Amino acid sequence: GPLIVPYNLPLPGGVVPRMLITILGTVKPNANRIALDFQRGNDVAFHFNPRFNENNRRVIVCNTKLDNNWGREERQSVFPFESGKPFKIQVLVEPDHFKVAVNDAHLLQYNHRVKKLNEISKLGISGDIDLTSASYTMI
């Protein structure tokens, strides 16, 4: 069944438009956080961070970390995750943005702040999940 969390998925030669990343898992009961970290070495090109309790609200925080400094957050109040339930996250790399769908519904787009797509060569998956599968394909 499981993969180990935190999990590091290599993206050989980085990301490219038409690359589809699929993450299957189950949110733990009483989850606090999920994080996907697309990394360019020490930098986080794209941090996708559902928070289950931020001041008693559920919010998705997206950001970029450059030279160990976080940038301007992009916050999404649409929250498709539920504690205890199975999910599917799909991240489709497009020319201008990452497109995220959860459970086959469009959730958000994140404009590319890191422009060297071919150097975004690691996805880190962490937080309060049982991880089932993490894979990529070209569509």
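All residue numbers are counted from 1 along the displayed sequence.
Relative to its counterpart among 54 to 62 and 109 to 117, 54 to 62 has the higher mean temperature factor, C-alpha atoms as listed in the PDB entry. Here the stretch with the larger average CA B-factor, out of 81 to 89 and 67 to 75, is 67 to 75. Taking the deposited Cα B-factors for 49, 30, 26, 39, the highest one is held by 30. When the modelled residues of the chain are ordered by their C-alpha B factor, residue 131 lands in the highest third. Residue-level temperature factors show residue 43 in the lowest third of its chain, judged at the C-alpha atom.
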